[PDB]
Structure formats: C-alpha cells, structure tokens
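Novice: The structure is given below, and queries will be raised subsequently.
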Amino acid sequence: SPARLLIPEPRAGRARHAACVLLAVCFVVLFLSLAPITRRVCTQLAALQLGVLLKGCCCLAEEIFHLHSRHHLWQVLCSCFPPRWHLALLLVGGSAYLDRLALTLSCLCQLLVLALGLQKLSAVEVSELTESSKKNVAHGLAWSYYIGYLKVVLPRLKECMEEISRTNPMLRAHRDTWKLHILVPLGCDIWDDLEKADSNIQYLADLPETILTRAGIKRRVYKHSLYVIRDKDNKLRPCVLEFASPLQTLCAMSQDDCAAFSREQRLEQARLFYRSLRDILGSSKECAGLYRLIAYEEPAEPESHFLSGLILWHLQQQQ
Amino acid sequence: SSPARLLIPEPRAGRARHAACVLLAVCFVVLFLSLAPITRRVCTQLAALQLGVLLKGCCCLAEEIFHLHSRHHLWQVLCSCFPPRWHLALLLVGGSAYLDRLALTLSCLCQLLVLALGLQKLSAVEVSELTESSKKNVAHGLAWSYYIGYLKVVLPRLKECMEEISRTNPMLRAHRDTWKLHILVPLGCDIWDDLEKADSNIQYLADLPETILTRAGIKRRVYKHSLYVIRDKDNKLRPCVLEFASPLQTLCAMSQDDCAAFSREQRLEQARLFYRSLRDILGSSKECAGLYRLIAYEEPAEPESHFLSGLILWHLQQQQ
Amino acid sequence: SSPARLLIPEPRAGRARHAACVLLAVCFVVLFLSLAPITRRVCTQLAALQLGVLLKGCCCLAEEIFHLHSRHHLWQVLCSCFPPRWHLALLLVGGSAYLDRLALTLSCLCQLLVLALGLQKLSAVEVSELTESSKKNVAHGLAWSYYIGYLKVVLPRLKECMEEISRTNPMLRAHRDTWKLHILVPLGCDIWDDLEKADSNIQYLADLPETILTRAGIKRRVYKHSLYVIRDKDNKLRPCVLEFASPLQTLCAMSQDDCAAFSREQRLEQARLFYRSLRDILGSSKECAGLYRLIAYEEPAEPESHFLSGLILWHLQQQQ
Amino acid sequence: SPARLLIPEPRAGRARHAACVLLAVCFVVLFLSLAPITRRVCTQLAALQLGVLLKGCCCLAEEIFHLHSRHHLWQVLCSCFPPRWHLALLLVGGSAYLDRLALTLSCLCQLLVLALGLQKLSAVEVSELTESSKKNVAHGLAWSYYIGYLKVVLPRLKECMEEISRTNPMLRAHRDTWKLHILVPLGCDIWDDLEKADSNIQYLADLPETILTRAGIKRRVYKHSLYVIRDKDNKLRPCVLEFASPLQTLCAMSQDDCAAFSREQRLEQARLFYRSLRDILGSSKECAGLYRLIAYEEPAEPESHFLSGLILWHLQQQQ
C-alpha cells in the first residue's frame, strides 16, 4: 500500500493477567521469611470497602428527585449501587464482629476523598468507555439529521409558502403556523400516510418543487406535503407534517440480526435522540423559528383521534 | 393543558457533592463533641488508598506499551495512563515511608487484590451520566445511519445497474472481478465535488443525469452510479465506480459551525472511529458480502500530485 | 351474559413465595418465644443440604464429558453442569470443615443416596408450569405442522408426477433410483427465492405453471414439482428436485418480528432442534418410507461460490 | 461430505451409573476401618426429606385459588405433592419413634431455602427438559399459524370487502363486524361445512380472489367464504367464518400410530394453543382489530342452535 495506514486496534484487556502475576509475586514474596495477620489483612480490606456504600447513599440522595421521571421504586435502590453490594456489608459486619476509632477514621477519610473528588478517571478509561459503547446512536442521528436535512430545507420554507399564500386566502389567514411540524413518537412506528393513521387528517396537495443544483447534472429535489386537519365545528386547519427519518433508522436497525438491538434500549435511544435534537435545534440561529417538533407515546386505550387532537393543540399554541 | 404526557429526563442537578459536604460537616461536628497522633494514621490510610490509582496506572501503562506506537508514539503513554492528580499520592507515600514494611505490604496487597479481582465496578447511575454527558460521539450513529440508509439499499442492486452500463458500452465487460463499489474515506475531512479534478489520471466514462427526489423526507432510490476511468501507465486503462463518505462531509460541516465547538483533533479521532465502526459493521453483514471495497488513506506530508490515482490502482491490482 | 361457559387457566400469580415468607416469619416468632451454638448446627445442616447441588453438578459433568465436543467444545461444560449460584455452597462446606469427618461423610452419603434412588422428582404443578412458561419452544410444533400439512400429502404422489414429467421429456428415465424429493434445510435461516442465483450449476428444466388455491383456510393439493438439472463435471448432467423448508422462513420472520424478541442463538438452537425433530418424525413414518431426502448444511466460514451445488452432487452420488 | 455436520445426540443418562459407582465406593470406604451410626444416618436422611412437605404445602396454598379453574378436590391435593410422599412420612415417623430442637432447626432451614430459592436448575437440566417434551406443539402451532396465514391474509381484508360493500347495502349497513371470525372449539371436531353444522347458518358467496405473485409463475391465490346467519325474527347477519387449521393438525396427529397422541392431553394442547394465539394476537400492531377468535365447548345436551346463538352474541358485542 502506497499510503501506510496507522489505525488503532481494540485493547485486549490484558491488565487482568498482569495484575494476577504481580499478585502471585506478592504472595511468593510475603510467604517467604499467622492467622492474626490474615485477620488484620481482611479487616484492612473491609476498611476501604465501605466507601461504595457512602457513594451509593450520596447518589440516592441526588437521584431521589429523578426517581419519578426516570424510574417512576426498587429500581432506584438497585440502580444507585453496584449489584455486588452485599459483599461490603458482609465484610464490614465480620470486621465489627471480630473487633471504633479506626471505623470512624476510615469513614471520615473515605467521605473526604469523595467530597474532594481526587479519584477521577484517566485518559485510558474514558477512551475505553467511548470505544466500547457501540449503541450510542442518538447523537449521531441527531447531528446527521440536522446537518443533512434541516440546515438545508428549513430556511427556504416561508418564501416557498408565500407564493401559494398569494392565491390561496386560507393559507394567508393562518400566517402564524407556517412552520414545519416534526412528528417524533417515542416509540418507532411510522405510518405510511397520515390519512389512515387518523381519519381526521385530510391530504390536500404537495408544495411546489424545491430545486438545488449540484455540478449541473445532479439535482436535489425536495417535496413537502401540505395537509388539512379538521378541528371541531369551528374551521379547518392547514399544516405541513412529516415524521423523523432517524426513528425509521432505529426501527430498521432493531430488526437487523447482527445489530442485537432490543426494544428496551430502543426507547432510551429514541428519547435521547429527541432530547439531543431539541438541544441542538434550540441553539441554532438559521432555523430559529422555522420548526416545531411534537413528541408523544401511543396511548394504551386505542383512541381514534388522539394524534389529531395533539396536533390541534400544538397548532393552537402558536396563536 | 396537554392531550399527551411526557416525562423528559432532565440531566442530574449534581447535588451529590452537596450531600457529601453536609455529611462531612456533620462528621466534623460529631468529632467536635466528646487525637493529634490520629492524624498520622489518617495520612497513612490516605496514602494506602491513593496508591491504588498508582497501581492501576502502572498496570494500564504496562498494557498500553503495545499501543504506544499506534496511539501516543514514551512520555505520552505515562501521561495518559496516570491521572494528573498523582503528585499528592507520591507525597503521601513518601511521608508514610519516612514516618515508619508489613503495613505497606498488606495495604498494597489488599489494593491490588481488589483491583485484580474486579469486584469494584460502575453502577447504572455513573455509566448513564457518562453516556448522556459526552455530547460528541457521532461516529457510531453516523456509521449506522450511513449503512442503513445507503449501503443496505444500493449495494445489492449493483450487478444489474452495471449490467445495463456494460450493455451501453461493453468496455468494462472484460473486467468482471472488479464489479464492486469503491468507497474513499480520507482520515481528514476534505471532499472533492469533481473527482476528475482531484487527480489528473481520473476521467469520466459515463454519467447519465439523475434527480434525487425526497417526498416528505422519504428519499427515492438511486439507480445510477458514476463510472470512471483511471489512466494507468502507457499500457492500458481501467474503469471504476467511486464514491466518497457523506458522514465525513457531516463532520466537516459540524466543525464549520461555531455553536458545535468541534475542533480538529476531535474531528480526526471521530473520523478514525467512524472508519473503524463502518468497517466492522460491513464486515459482519450478509447482503453486502463482497460488493464493496472501502479505501482509507491519510494525506502525505510530501507533495505528490498523483497519490490517489496510484493508491486506487494498487487497490485494483490487489483486487485482481 | 354469554351463551358459552369457559374457565380459562390464567397463569399463576406466584404467591408461594409469600407463603414461604409468612411461614418463615411465624417460625422466627416462635423461636423468639421461650442458643448461640445452635447457629453452628444450623449452618452445618445448611452446608449438608447445599452439597447436594455440588454432587448433582459433578454427576452432570461426568455425564456431559461425552457431549462436550458435540455441544460446548472445557469451561463451558463446567459452567453448564453447575448452577451459577454455587460459590456459597463451597463457602458453607469450607466453614463446616474449619469448624470441625464422620458427620460430613454421613451427610454426603445421604445426599448422594437421595440422588441415586431418584426419589426427589418434580410434581405435576412444577412440570406443568415449566411446560407453560417456555414461550419459545416452536421446534416440535413446527416440525409436526410441516409434516402433517405438507409432507404427508405430496410425497406419496411423487412417482406419478415425475412419470408425466418423463412423458413430456424422457431424458430422466435413466436415473430411476433417484425418484425422491430433496429437502434443503440450512441450520441458519437464509432462503433463496430464486434457486438460479444460489449457484451457477443449478438450472431449471421444467416448470408447468400452477396456482395454489386455498378455500376458507383449506389448502388444495400440489400437482406439480419443479424439475432442475445440476451441472456435474464435464461428463454429463444430472436432474434433481429441490425444495426448502417453510419452518425456516417462519423462524426468520419470528426473529425479524419486533414483538417476538427472538434472538440469534435461540434461533440456531431452534433450527437444530427442528431439524432433529423432523428427521425423527420422518424416519418413523410409513407413507414416506423412501420418497424423501433431507440435506442439512452449515454455511462455511470461507466463501465458496460452488459449495451448495457440490453438496447436492455428493448427495446424488451417494444416492446411486 | 463437503460439510461435516455436528449434530447433538440424546443424552444417555449415565449419571445414575456414576451415582451407583459412588455408592459402592463410599460403602467400601466406610466399611474399611455400628447400629447407632446407621440409625443416625437414617435420622439425617429423614431430616432433609421433610422439605418436600413444605414445598407441597406452599404449592397447595398458592393453588387453592386455581383449583376451581384447573381441577374444579382430591386432584388438587395429589397434584401439589409428589406421588412418593408417604416415604417421607414413614421416615419422619420412624425418626420421631426413635427419639425436638433438631426438627425445628431442620424445618427452619428448609423454609429459608424455599423462600430464598437458591436451589435452582442448571443449564443441563433445563436443556434436557426442553428436549424431552416432544408433544408441546401449542406454541409452535400458534406461531406457525400466525406467521404463515394471519400476517398475510388479515391486512388485505378491509380493502377486499370495500369493493363488495359499494354495491351491496347489506354489507354497508353492518360495517363494524368486517373482521375474520376464527372458530377455535376446545375439542377437535372440524365440520366440512357450516351449512349442516347449524341450520341457522346460510352460505352466501365467495370473496373475490386475493392474488399474490411469486417469481411470476407461482401464484398464491386466496378464497374466503362469506356467510349469512339467521337471527331471531329481527333480521339477518353477514360474517366471514372459518375454523383454525392447527386444530385440524392436532386431530390428524391424534390418529397417527407413531405419534401415540392420546385424547386427554389433546384438550390441554388445544386450550394452550388458544391461549397462546390470543396472547400473540393481542400484542400485534398489524392486525389490531381485524380479527375475533371465538372459543366454545360442546354442551352435554345436543342443542341444534348452540353455535348460531354464540355467533349472534359475538356479533352483537361489536354493536
């Protein structure tokens, strides 16, 4: 190869073997040249093993607020501590039974270490955490969707709508709702059309063509569909509706055999994608007021006009 | 109010530190009620707890010796393995040694036994916080989105498109073992719109007009790929089907934005990670078993006017 | 109300654990009413009861040494033979040994005596719960449904259909000893809709068009089978009848289904179990005595373009 | 063979011979180098034979609620305990006759083990139990029926019925009952046609062909029969009726000599098939409301209009 590529390889995780061999060297050194000594060693091991309890208590105190939003109660208790938590309890109980200045001194120094935060993570640990997680797709989908589509199609919407508003008085009447409505259900189902998703949604027509030139032979053509949705017996409301492609990407990736993408983590990925897309769209100056994305979950009771009511509420919010 | 109901998990308020501080104040208040030499024991225990990260850093550098040349190229390896907050650990160890080695032996034994056994792991809270706090990890998402959107829909329908192409001109019918789409992924982010201008030996052979249509966000399938001709030495000419990586253009555009605050070294790292992720995703696929060949190159320091053409010709030669 | 009267057996609420807990609380309360050395006796009895699972695991590994190469290939055998929650049994055994070996000998003798006589067997409730709890055991059901629906109605009427086929073209009268349908069952789940694109040596010879009609769920019989020709070496050609397995398509669709939550390891296990069940069902039949041949293959790691046709050619050579 | 296959073989069950040789080894070891010792061994053996009694008692306590549904009373007592339960009673009686703290300690230990449930099953036992059951075809039949037939014929029903409806006012009037009515009798008898099964069911016509193209020469064409049922002296009701093929499969394999498929457990298999089909149909988003499976048991008195009244009730339920 003319270009000698230099690509990193995944770490083999051989630090365990080095730790084991140095531990064996430590044994062979200590044995050459004693039950109370072993008891003291066990007590010392139990001495620094109680900091996990303090860290878990602090995390629980900090996370009791988000308990309702994330875990709605045993999940909160089991999440704030590692699954191997009773071992520390057994060790501290054994140390107490065998024997309190040392205990309170150890608690004080451990809590001081926790407060000062001098036990941080080096570069290798954070690098391994970034490399290992192969399912953090939400940020990628958010940035890709933004840059690829919204940064290039959103600004040329008011000018594309004003020409129709010149001849159609209905569009001129509803001037405050000329934005693009993004449908992002927290699940992953995508309806083929919005006419059969809800009987209260009526298709009207497609917006005029959007022409982009690329080298003069390649043309990027964008189509938007304008819908009319019927409220109660007051009037008819027009709007432009479409779903989010990253949701379709997640849905198609879940069905893949080599992806190993389950359903419990797909919901988390969709939620993270929605949050990231909102956070990156809210700080954009190009599409400052050219968008409104609506998020929902399908109700347990199959109401036939739930989505339509949500869109009507959202449309009435602008006025 | 709202027909639906959403519970958006806003990020942590970071009040765990406040709880630790108030507990520490309570501990001082308790110690005030109801001494001096105990400070020596406290310092020795602090040194014993601090030497654990030193042992972990030593093990990490021992494991990273092999990756030294690939990533860091000697001081960089030890700087990365050891957390910068380690001078105070050395000071504490020196003070403990001067103050006094059975205690040190048992302390280090316990520390490295805990480290080797691996019974101290991360609970859900901290791993979730790390997952949701690192805002820039677009490599895996971009790789998956690119694969699903493009590489899983046009690669299977590559034999027939080039079959009609060869029907138009039988010149490429002679070459049958190089009937796969070539992908160029520069480890930087430069993308040439006119690939004929990148190198003087790459010339078009067939590019029929085609319009890319998206109806309400649904992109229409692509039925044509641009056929090229890379001029070899004065012996023959060879055709190819060439493409660039759109996610690299996404990285470039993200780096251009001021609100993104996306730098150059991070861009290089994300590009390399995207390359690795895409290679691993395509390696374990079934529909795209052998209908692709992705070429990764890093632009050379010395100015060469015919670097890319030679590289693709070499890739074609190994393809044969 | 309702004209019918159905008492469906809804699944159990799992309230036996609550009964165990309340009886444990009652026993604790009773022990509180009306001492320390009794804890040692309790621990010894617990260790004596716990060593039974260790003995069972030893017997299981002794039995599975033979099947190690067939299923697990050595740590996998040890992991399967023993329950994961086995460390505490060893801890109890070590504690009992440290506290004290006639008692250990008699306790282990009693435990292995119980294991040998097999007087500890599951009741009706436990086996019923185990049968009704496994929601993914479709191998036997799919095998039986395939056999009854398709394999029992078309195979007996196979000589005569190929008799009219030979009447149309008599080239196949020479191969009189291969008048049996070939079933292709890959242990994976990939299915080729068009058998031409699977291999270059498989060519069609005769497809008389036929419409498969089902009236109100009742499927009509099949009066035509698709005849193929397999290209051997440069000596002659060989005709064949090929067909895949629909239950493999069912497994593939179950895996692709979102609400099924059906993984890949389970898919391979179910495919192997389905193949074994189908082979055992067909081998003990009377109508299908010698009018079938099922070919099971695993896709090779190395890519080969003429493997499947070669395997069919080997089966035809051995069929002579 | 080009691909040497590695297929598992049934386990020979030779762990029992290992247990027997261990019996012999332990006996010859203990004999080398004692009536009270034998009595103590018998007492220890009786000590751990008492846990099955507590297991049966807890099972009876948890199953007294399901007794009416599953066993309708001696069967409840016999099912919750192993048949070889009198042996434990004999051993405990002998231990009591030979001889109180030890019994209470053993009972407490057994209760603690049962409550914690640390005596679970390893991988080999569950694999053997999943391989041994060659008759559990309920789940397989349900999944096969679903994927093969319902996921392909159910979606193309409303559109197939609209064309007939637009010319027949009878179909337009009854629009809420355009589902597919699956008949799943808990028995196994399948009528050749519903005309002679009940005198109140009248055949009307066949639905137009559902044409599916495959490779251009293979055509999967479908027929569905549309019936009309005579209610009381009010009106007539049209519906699409059919039986469930897996019941026919069970009936066919019941008659097979090599199957050894009896009749007592055929009812249980059909019932489990019904429950599994209901569970896997109620959670599907494709056939949300395009079906209604009806289950019944043949009454003792051979009424001539039992099934018709049931379909009339199930049809009035939508209205």
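Identifiers in the structure tokens: chain A, B, ... in order shown; residue index from 1 per chain; ligand index from 1 in order shown.
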Can you pull out every residue within 10 Å of residue A:121, counting only C-alpha atoms, but drop anything in the same chain fewer than 6 positions away, and send it as a ChimeraX atom specification?
Specialist: /B:53,81-85
Novice: Next, the residues of the selection above should be written as a PDB file, in the first residue's frame with C-alpha atoms.
Specialist:
```
ATOM      1  CA  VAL B  53      -4.628   4.558  41.449  1.00  0.00           C
ATOM      2  CA  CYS B  81      -2.157   6.119  31.899  1.00  0.00           C
ATOM      3  CA  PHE B  82      -1.613   8.121  35.102  1.00  0.00           C
ATOM      4  CA  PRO B  83      -4.252  10.662  36.177  1.00  0.00           C
ATOM      5  CA  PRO B  84      -2.646  14.099  36.625  1.00  0.00           C
ATOM      6  CA  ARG B  85      -3.747  14.220  40.293  1.00  0.00           C
TER       7      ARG B  85
END
```
Novice: Determine, counting only C-alpha atoms, which protein, DNA and RNA residues have an atom within 12 Å of an atom of stretch 154-166 of chain B; residues of the same chain fewer than 4 positions away are not included. Present the result as a count of residues only.
Specialist: 45
Novice: Chain A vs chain D: Cα RMSD after least-squares superposition over all Cα in order?
Specialist: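 Rounded to one decimal, the C-alpha RMSD is 0.3 Å.
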Novice: Set the distance at 12 Å and use only C-alpha atoms: which residues neighbour residue C:90 once local chain neighbours fewer than 5 positions away are removed? I'd like the list as a PyMOL selection string.
Specialist: chain C and resi 46-55+85+95-97
Novice: Keeping only N, CA and C atoms, write the selected residues to a file as a PDB file, in the first residue's frame.
Specialist:
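Below is the file that was written, out_5.pdb:
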```pdb
ATOM      1  N   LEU C  46     -27.259 -26.550  56.817  1.00  0.00           N
ATOM      2  CA  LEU C  46     -27.358 -25.835  55.551  1.00  0.00           C
ATOM      3  C   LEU C  46     -26.281 -26.291  54.576  1.00  0.00           C
ATOM      4  N   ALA C  47     -25.053 -26.484  55.064  1.00  0.00           N
ATOM      5  CA  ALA C  47     -23.982 -26.976  54.200  1.00  0.00           C
ATOM      6  C   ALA C  47     -24.266 -28.395  53.719  1.00  0.00           C
ATOM      7  N   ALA C  48     -24.809 -29.239  54.602  1.00  0.00           N
ATOM      8  CA  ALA C  48     -25.156 -30.602  54.215  1.00  0.00           C
ATOM      9  C   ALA C  48     -26.225 -30.608  53.130  1.00  0.00           C
ATOM     10  N   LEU C  49     -27.217 -29.724  53.245  1.00  0.00           N
ATOM     11  CA  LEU C  49     -28.229 -29.617  52.202  1.00  0.00           C
ATOM     12  C   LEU C  49     -27.660 -29.012  50.923  1.00  0.00           C
ATOM     13  N   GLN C  50     -26.683 -28.110  51.048  1.00  0.00           N
ATOM     14  CA  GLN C  50     -26.140 -27.415  49.888  1.00  0.00           C
ATOM     15  C   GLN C  50     -25.197 -28.285  49.069  1.00  0.00           C
ATOM     16  N   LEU C  51     -24.493 -29.228  49.698  1.00  0.00           N
ATOM     17  CA  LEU C  51     -23.579 -30.068  48.924  1.00  0.00           C
ATOM     18  C   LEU C  51     -24.307 -30.976  47.939  1.00  0.00           C
ATOM     19  N   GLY C  52     -25.631 -31.106  48.062  1.00  0.00           N
ATOM     20  CA  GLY C  52     -26.380 -31.903  47.104  1.00  0.00           C
ATOM     21  C   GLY C  52     -26.295 -31.358  45.692  1.00  0.00           C
ATOM     22  N   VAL C  53     -26.371 -30.033  45.542  1.00  0.00           N
ATOM     23  CA  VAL C  53     -26.266 -29.453  44.206  1.00  0.00           C
ATOM     24  C   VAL C  53     -24.853 -29.624  43.658  1.00  0.00           C
ATOM     25  N   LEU C  54     -23.837 -29.591  44.525  1.00  0.00           N
ATOM     26  CA  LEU C  54     -22.476 -29.862  44.071  1.00  0.00           C
ATOM     27  C   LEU C  54     -22.341 -31.293  43.564  1.00  0.00           C
ATOM     28  N   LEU C  55     -22.918 -32.253  44.291  1.00  0.00           N
ATOM     29  CA  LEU C  55     -22.891 -33.640  43.833  1.00  0.00           C
ATOM     30  C   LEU C  55     -23.641 -33.800  42.514  1.00  0.00           C
ATOM     31  N   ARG C  85     -25.118 -19.995  41.057  1.00  0.00           N
ATOM     32  CA  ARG C  85     -25.091 -19.700  42.491  1.00  0.00           C
ATOM     33  C   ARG C  85     -24.579 -20.923  43.254  1.00  0.00           C
ATOM     34  N   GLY C  95     -16.608 -23.604  55.715  1.00  0.00           N
ATOM     35  CA  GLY C  95     -16.892 -23.235  57.092  1.00  0.00           C
ATOM     36  C   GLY C  95     -17.152 -24.441  57.975  1.00  0.00           C
ATOM     37  N   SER C  96     -17.902 -25.418  57.458  1.00  0.00           N
ATOM     38  CA  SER C  96     -18.142 -26.645  58.211  1.00  0.00           C
ATOM     39  C   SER C  96     -16.845 -27.407  58.451  1.00  0.00           C
ATOM     40  N   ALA C  97     -15.974 -27.464  57.440  1.00  0.00           N
ATOM     41  CA  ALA C  97     -14.690 -28.138  57.607  1.00  0.00           C
ATOM     42  C   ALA C  97     -13.821 -27.428  58.638  1.00  0.00           C
TER      43      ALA C  97
END
```
Novice: Using only C-alpha atoms, I'd like a table of the residues in chain A that come within 10 Å of chain C; for each, show the closest atom pair and its distance in Å rounded to one decimal, ordered by chain and ascending number, as JSON lines.
Specialist:
```
{"residue": "A:251", "atom": "CA", "partner": "C:258", "partner_atom": "CA", "distance": 8.9}
{"residue": "A:252", "atom": "CA", "partner": "C:256", "partner_atom": "CA", "distance": 9.8}
{"residue": "A:254", "atom": "CA", "partner": "C:258", "partner_atom": "CA", "distance": 7.8}
{"residue": "A:255", "atom": "CA", "partner": "C:256", "partner_atom": "CA", "distance": 5.1}
{"residue": "A:256", "atom": "CA", "partner": "C:256", "partner_atom": "CA", "distance": 7.1}
{"residue": "A:257", "atom": "CA", "partner": "C:264", "partner_atom": "CA", "distance": 6.9}
{"residue": "A:258", "atom": "CA", "partner": "C:264", "partner_atom": "CA", "distance": 8.5}
{"residue": "A:260", "atom": "CA", "partner": "C:263", "partner_atom": "CA", "distance": 7.6}
{"residue": "A:261", "atom": "CA", "partner": "C:263", "partner_atom": "CA", "distance": 9.7}
{"residue": "A:262", "atom": "CA", "partner": "C:261", "partner_atom": "CA", "distance": 7.3}
{"residue": "A:263", "atom": "CA", "partner": "C:258", "partner_atom": "CA", "distance": 7.8}
```
Novice: Run DSSP on the backbone of this structure and report the residues of stretch 132-300 of chain C it assigns to helix (DSSP H, G or I), as a PyMOL selection string.
Specialist: chain C and resi 132-133+138-151+159-168+170-174+246-256+264-283
Novice: What does the distance from atom CA of residue D:227 to atom CA of residue D:308 come to in Å, to one decimal?
Specialist: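 Going from atom CA of residue D:227 over to atom CA of residue D:308 covers 11.8 Å.
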Novice: Please identify all polymer residues within 10 Å of stretch 21-38 of chain A, counting only C-alpha atoms, omitting same-chain residues fewer than 4 positions from it, and present them as a VMD selection string.
Specialist: (chain A and resid 15 to 17 42 to 44) or (chain B and resid 59 102 105 to 106 108 to 110 112 to 113 115 to 116)
Novice: Could the residues in this selection be written to a file with N, CA and C atoms, as a compact mmCIF listing (two decimals), in the first residue's frame?
Specialist:
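Result saved to selection23.txt:
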```txt
# COMPACT_ATOMS: atom_id res chain seq x y z
N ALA A 15 -4.64 -6.32 31.24
CA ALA A 15 -4.26 -5.80 32.55
C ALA A 15 -4.61 -6.78 33.66
N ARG A 16 -5.65 -7.59 33.47
CA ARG A 16 -6.01 -8.59 34.47
C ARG A 16 -4.89 -9.61 34.66
N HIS A 17 -4.27 -10.05 33.56
CA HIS A 17 -3.18 -11.02 33.66
C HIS A 17 -1.97 -10.42 34.38
N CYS A 42 -7.77 -8.95 56.30
CA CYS A 42 -9.19 -8.92 55.98
C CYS A 42 -9.86 -7.67 56.53
N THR A 43 -9.49 -7.27 57.75
CA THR A 43 -10.05 -6.05 58.33
C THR A 43 -9.66 -4.82 57.51
N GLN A 44 -8.40 -4.76 57.06
CA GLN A 44 -7.96 -3.65 56.23
C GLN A 44 -8.70 -3.63 54.90
N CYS B 59 -0.38 -0.65 35.82
CA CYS B 59 -0.93 -1.74 35.03
C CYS B 59 -1.42 -1.25 33.67
N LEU B 102 5.61 -4.15 56.90
CA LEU B 102 4.48 -5.08 56.86
C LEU B 102 3.18 -4.35 56.55
N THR B 105 3.07 -3.52 52.92
CA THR B 105 2.89 -4.75 52.15
C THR B 105 1.44 -5.21 52.17
N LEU B 106 0.81 -5.21 53.35
CA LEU B 106 -0.58 -5.66 53.43
C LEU B 106 -1.52 -4.68 52.74
N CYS B 108 -0.82 -2.65 50.11
CA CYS B 108 -0.72 -2.82 48.67
C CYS B 108 -1.28 -4.16 48.23
N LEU B 109 -1.10 -5.21 49.05
CA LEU B 109 -1.71 -6.50 48.76
C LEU B 109 -3.22 -6.37 48.64
N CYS B 110 -3.86 -5.73 49.62
CA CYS B 110 -5.31 -5.56 49.57
C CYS B 110 -5.73 -4.74 48.35
N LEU B 112 -4.17 -4.20 45.37
CA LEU B 112 -4.02 -4.89 44.10
C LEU B 112 -4.86 -6.15 44.01
N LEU B 113 -5.18 -6.79 45.14
CA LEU B 113 -6.12 -7.90 45.12
C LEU B 113 -7.52 -7.43 44.73
N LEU B 115 -8.12 -4.76 42.94
CA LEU B 115 -8.03 -4.37 41.53
C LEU B 115 -8.06 -5.60 40.61
N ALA B 116 -7.34 -6.66 40.97
CA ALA B 116 -7.27 -7.84 40.12
C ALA B 116 -8.59 -8.61 40.12
```
Novice: Quick one: which residues from chain D are at most 12 Å off chain A, using only C-alpha atoms, as a list in words?
Specialist: residues 283, 285, 286, 288 and 289 of chain D
Novice: Using C-alpha atoms, can you write the selected residues to a file as a compact mmCIF listing (two decimals), in the first residue's frame?
Specialist:
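Printed below is out.txt as written:
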```txt
# COMPACT_ATOMS: atom_id res chain seq x y z
CA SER D 283 -49.92 -7.65 21.18
CA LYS D 285 -49.92 -3.82 15.73
CA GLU D 286 -50.65 -5.05 12.20
CA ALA D 288 -55.12 -4.51 15.60
CA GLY D 289 -58.85 -5.06 15.13
```
Novice: Distance atom CA of residue A:168-atom CA of residue A:229, one decimal place?
Specialist: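 If I compute the distance from atom CA of residue A:168 to atom CA of residue A:229, I get 16.7 Å.
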Novice: Interatomic distance between atom CA of residue B:296 and atom CA of residue B:186?
Specialist: 5.6 Å
